[PDB]
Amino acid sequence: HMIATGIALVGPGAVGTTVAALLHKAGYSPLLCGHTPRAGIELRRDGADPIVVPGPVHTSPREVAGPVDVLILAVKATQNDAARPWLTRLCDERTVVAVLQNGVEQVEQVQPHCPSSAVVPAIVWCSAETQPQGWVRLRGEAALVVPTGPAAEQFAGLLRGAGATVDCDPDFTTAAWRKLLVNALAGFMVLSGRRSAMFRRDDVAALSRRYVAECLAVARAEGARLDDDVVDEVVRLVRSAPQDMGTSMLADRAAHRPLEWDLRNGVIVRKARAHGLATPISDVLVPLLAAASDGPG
């Protein structure tokens, strides 16, 4: 195991396929660990040739053998509990576990499933969406942000070696909250059932700036070092996206799947409470998102 790097991908979805495709094109053979059987997985980046990554997608932990050197976790955070048996099977104390999930709670959520492994949280900036036809559409290059330190630097080496854009940030808390401001705001799309062009409306954009400011106060109390300019920057960013760009949580709502509402929006309320911060806009959005996700009704 000194030369060949054993890599497992747990969660071969939009983000997982994006990463598996880069690894495959670089010549690695990641072990695909999923929920829905398939012979392989396919990534189509706009403007590029398709990349097909051979499987099979394994759907029982009994079918695979560990330990592996690197485990890339790309399930939704709603699926972390169900993914646990993959981590038990595949991780030991030398495994590096990369958690490619939104929010700011990656290590806290996943570390207990691999208690002796180094966990590398990874902020992913990309637009990836599974199509009805079975392949994943990637619009633009993906970029990842990880911390500094040995495990994170090893993981960044692996991805950079395969052609990925990765930043090792000595202030990961700030990087994670920066992405969370964007993802939290994108929750509006789930309630309206509209793509990014909804933010081009004056009324929505005004509301959006107030919400991002409310989220920003919480981010700062939690240690994020962000300028006041970020409020309007977030709103300009979503307005500048292609008019039909959605978000993964809207795709889940349209497929009637559980949402990462607590990871992306509930977290604002939960973290606000120790600091005694008010979140009046979140107090409206969060119950509607949680109901949308979990019912009843």
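The numbering used is simple: start at 1 and walk along the sequence shown.
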Quiz prompt | Higher-B stretch (mean Cα B-factor, as the entry records it), 16-24 or 270-278 | solution = 270-278
Quiz item: Do the CA atoms of 84-92 or those of 194-202 have the higher mean B-factor in the entry?
Solution: 84-92
Quiz item: Among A65, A241, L43, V235, which residue carries the highest C-alpha B-factor recorded in the PDB entry?
Solution: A65
Quiz item: Quick one: which of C114, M189, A219, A128 has the biggest Cα B-factor according to the entry?
Solution: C114
Practice problem: Using the B-factor values recorded in the entry, state whether the Cα atom of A290 falls in the lowest, middle or highest third among the modelled residues of its chain. | Solution: lowest
Exercise. Ordered by C-alpha B-factor within the chain, which third holds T247? Give me lowest, middle or highest, please.
Key: middle
Self-check item: Ranked against its chain, the third holding the CA B-factor of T78
Solution: middle
Quiz item: For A118, does the deposited CA B-factor place it in the lowest, middle or highest third of the chain?
Solution: highest
Exercise. Would you mind ranking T148 by its C-alpha B-factor against the rest of the chain and naming the third, lowest, middle or highest?
Key: highest
